[PDB]
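Numbering (our numbering), first residue to last: 6 to 531.
We put the CB at the ideal spot given by N, CA and C, even for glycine.
Written out below as structure tokens is the structure these notes cover.
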Ligand SMILES: *[C@@H]1O[C@H](CO[C@@H]2O[C@@H](C)[C@@H](O)[C@@H](O)[C@@H]2O)[C@@H](O[C@@H]2O[C@H](CO)[C@@H](O)[C@H](O)[C@H]2NC(C)=O)[C@H](O)[C@H]1NC(C)=O
Ligand SMILES: *[C@@H]1O[C@H](CO[C@@H]2O[C@@H](C)[C@@H](O)[C@@H](O)[C@@H]2O)[C@@H](O[C@@H]2O[C@H](CO)[C@@H](O)[C@H](O)[C@H]2NC(C)=O)[C@H](O)[C@H]1NC(C)=O
Ligand SMILES: *[C@@H]1O[C@H](CO[C@@H]2O[C@@H](C)[C@@H](O)[C@@H](O)[C@@H]2O)[C@@H](O[C@@H]2O[C@H](CO)[C@@H](O)[C@H](O)[C@H]2NC(C)=O)[C@H](O)[C@H]1NC(C)=O
Ligand SMILES: O=C(Nc1ccccc1)O[C@H]1CCC[N@H+](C2Cc3ccccc3C2)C1
Ligand SMILES: *[C@@H]1O[C@H](CO[C@@H]2O[C@@H](C)[C@@H](O)[C@@H](O)[C@@H]2O)[C@@H](O)[C@H](O)[C@H]1NC(C)=O
Ligand SMILES: *[C@@H]1O[C@H](CO)[C@@H](O)[C@H](O)[C@H]1NC(C)=O
Ligand SMILES: *[C@@H]1O[C@H](CO)[C@@H](O)[C@H](O)[C@H]1NC(C)=O
């Protein structure tokens, strides 16, 4: 139950899973707590300890604003931190199979949450099912989010930006130096993540300091080229200064602004993050990745376009209804508690909420592309169009474009289209196959026959788990035994992708081709 790591010994705990055993190491620190002088700076190396570190419970989650929009509602509160918030949050978790493996492929999870929220201790990120069922080792880490993680004064090591990305990177580094002691193969490391985590994974494909820290990559519902994923240097500065004046920390020296921001309490910095932008959206990322010239050497669209990234296999995909969850966080006429049949003027009003700084002509162009109906008497027409607008613009089309352009440089790519709505899903049926609700299938929670999934869901989760682990171990997301559809590689010409569902798993081509031509060629110009 004790493992000697390069900075000290850690005690784990035993878990009984599906009539077996998994060894969990919860809450191992991987960096100096970024407190006091260290707030806003890159993570610093952790010095040795002599005792046994008791890694027997999830550590603190990083400071963050909570989603309070639906108190008592499991659909929202399942994403809120299930652990004490604190600035002292740089910890990671390790699940290893029992008995101890000899050279196990490692899966590293990076959670999302708009780069402002999230925590590896969530129930839907529990890595014990994967370790039990597929004998991979699962690693997950907490990284700084919001201004405490991504405040940018470009060039200034007091607040250089991308700290949360560097938190992740130091964690990857920790797996490089230590995972063999747990029986993992540091040469067989697959990053996977969802939404902002997925975008984080894609930026590690771009960052040279990460190229030697992982083998392969899996991108669930996110990528760096998404419109929400990279903050400009203009707006980062404007946001850093609006935070300064909002707290009385306006100075001229710039480094003395950071020193001033370092003596505010975490709460005061969190309360003011909301207002650093004049007009926010349900997809706002007040403080996110920037081109810091350190983690990220150039604007990522250029690096993607010009082949500047780690050459390796990727697994990419999206969910059928990425956009719906955001509609009841601001769009008029929408509610999780009715069927949100909205009118044309409500739709038009919704676009003003999702596209605030966009010209009247840009908003008309969106209306025009999404409102020539196959049948113009359906009352749901505007309700579904707005969800598709948000999903296509923010998730599906950028993921497709990332995959096309990444595969143009000769690496195998696999694209999925997840379209199963979970039987237990707390949100209403009109929200469909929502953002983030493939995650529990990936982590194998339906394999738990107790907690209420249908048997079809167990089968779907069991195949996805196999496909993910085969992708991590061997670079190829096939299920070779049960007579399963082969998953073809995604090539920029055919654009074949795989649908995942409980009924018929099928090979399809050119997902949302009409919508994505509008978003990826036309709309970037308006
Ligand atoms: C770190 O853990 C050790 C041991 O953990 C406990 O013992 C395991 C066998 C398991 O049953 C866990 O769930 C337990 O929580 C701690 O050790 C003991 O320390 C107490 C001090 O009050 C001592 O009285 C006991 O005799 C020790 N042994 C046992 C078996 O309880 C140790 O204190 C922990 N370290 C820290 C810093 O909390
Ligand atoms: C760049 O920042 C200025 C400053 O902004 C404001 O102050 C912050 C502390 C915060 O409370 C924001 O909500 C404020 O708006 C932005 O300027 C203002 O713009 C709004 C409407 O656009 C206007 O009502 C304010 O009076 C303006 N204030 C000033 C001092 O100019 C500006 O919009 C930001 N740039 C961009 C591109 O959004
Ligand atoms: C669906 O509900 C929205 C939200 O209204 C709220 O939630 C409801 C479940 C109910 O408890 C209401 O009392 C709440 O106000 C409805 O939107 C409101 O619609 C009215 C009339 O159209 C309008 O005056 C309000 O401004 C709207 N409020 C918001 C926040 O948008 C909507 O009409 C409902 N639609 C259907 C088809 O039932
Ligand atoms: O993540 C975000 N922003 C965000 C997400 C993706 C891309 C860009 C920005 O903010 C958090 C906190 C505020 C509430 N939102 C909603 C959105 C959503 C989506 C799926 C499940 C639950 C929820 C709650 C989550
Ligand atoms: C562990 O294995 C190492 C080689 O790793 C392999 O190649 C990578 C790319 C993965 O795909 C993985 O499946 C392969 O096993 C050896 O160099 C190393 O010596 C081995 N060590 C032990 C202790 O088994
Ligand atoms: C800004 O303040 C820092 C911190 O004391 C100092 O080292 C630096 O020289 C100052 N620069 C200017 C231009 O005032
Ligand atoms: C294949 O089908 C059998 C049904 O007996 C099931 O037990 C097994 O888990 C399935 N394997 C995969 C990888 O889906």
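{"Asked": "Cβ neighbours of residue 110 in the same chain (closer than 8 Å, five flanking residues each side left out)", "Found": "141, 142, 189, 190, 193, 194, 195, 474, 477 and 478"}
{"Asked": "Rounded separation between residue 187 and residue 33 - CA only", "Found": "13 Å"}
{"Asked": "Pairwise C-alpha distance: residue 357 and residue 280", "Found": "18 Å"}
{"Asked": "Local conformation of residue 117 per DSSP, three classes", "Found": "coil"}
{"Asked": "Inter-stretch contact (C-beta, 8 Å, three-pair minimum) for the stretch 8-16 and the stretch 436-449", "Found": "no"}
{"Asked": "For residue 165, three-class secondary structure by DSSP", "Found": "strand"}
{"Asked": "Where residue 37 sits in the DSSP three-state scheme", "Found": "strand"}
{"Asked": "Residues near residue 258 by beta carbon distance below 8 Å, same chain, minus five either side", "Found": "none"}
{"Asked": "Residue 533 Cβ short of 7 Å to ligand 1 heavy atom set", "Found": "What the structure shows of the chain is the stretch from 6 to 531, and residue 533 is not part of that stretch, so it cannot be assessed."}
{"Asked": "Cβ pair count under 8 Å reaching 3, the stretch 171-179 against the stretch 36-52", "Found": "yes"}
{"Asked": "Cβ-heavy atom distance, residue 338 to ligand 3, below 7 Å", "Found": "yes"}
{"Asked": "Contact test: residue 291 Cβ vs ligand 2 heavy atom, cutoff 7 Å", "Found": "no"}
{"Asked": "Proximity to residue 71 [Cα-Cα], best of 239, 278, 184 and 23", "Found": "278"}
{"Asked": "Secondary structure, alpha helix (DSSP H): runs of 4+ residues fully inside the stretch 369-436", "Found": "386-396 and 402-412"}
{"Asked": "Neighbour-count burial assignment, residue 418, 16 or more Cβ in a 10 Å radius", "Found": "buried"}
{"Asked": "With 16 other Cβ atoms within 10 Å as the buried cut-off, status of residue 237", "Found": "exposed"}
{"Asked": "Opposing strand residues paired with residue 59 [DSSP bridges]", "Found": "16"}
{"Asked": "Whether residue 445 touches residue 468 by CB criterion (8 Å)", "Found": "no"}
{"Asked": "Any heavy atom of ligand 5 nearer than 7 Å to the CB - residues listed", "Found": "107, 108, 110, 185, 190, 192, 193, 220, 478 and 479"}
{"Asked": "Pair within 8 Å by beta-carbon distance, residue 260 and residue 161", "Found": "yes"}
{"Asked": "Beta-carbon proximity check, residue 134 vs residue 22, cutoff 8 Å", "Found": "yes"}
{"Asked": "Rounded separation between residue 502 and residue 362 - CA only", "Found": "34 Å"}
{"Asked": "Sub-8 Å separation of residue 525 and residue 406 beta-carbons", "Found": "yes"}
{"Asked": "Beta-carbon contacts of residue 252 that lie in its chain and below 8 Å, excluding the five residues immediately before and after", "Found": "265, 266, 269, 273, 274 and 277"}
{"Asked": "Residues bridged to residue 3 (per DSSP)", "Found": "Nothing can be reported for residue 3, as the shown portion of the chain is limited to 6 through 531."}
{"Asked": "As assigned by DSSP and simplified to three states, the class of residue 49", "Found": "strand"}
{"Asked": "Cβ shell of residue 458 (< 7 Å), same chain only, five flanking positions each side left out", "Found": "428, 429 and 451"}
{"Asked": "6 Å CB neighbourhood of residue 149 in its chain, flanking five on each side removed", "Found": "67, 168, 169 and 172"}
{"Asked": "Beta-carbon proximity check, residue 235 vs residue 293, cutoff 8 Å", "Found": "yes"}
{"Asked": "Anticipated Cβ contact below 8 Å, residue 495 with residue 420, distance rounded", "Found": "4 Å"}
{"Asked": "Burial state of residue 340 (16 or more Cβ within 10 Å)", "Found": "exposed"}
{"Asked": "Euclidean distance between Cα positions of residue 254 and residue 35", "Found": "31 Å"}
{"Asked": "Any non-hydrogen atom of ligand 2 closer than 7 Å to residue 316 Cβ", "Found": "no"}
{"Asked": "Closest by C-alpha distance to residue 245, when choosing among 221, 312 and 155", "Found": "155"}
{"Asked": "Same chain, Cβ closer than 6 Å to residue 347, five either side skipped, listed in chain order", "Found": "338, 387 and 388"}
{"Asked": "Segment contact, 8 Å Cβ cut-off, at least three pairs: the stretch 302-311 with the stretch 319-328", "Found": "no"}
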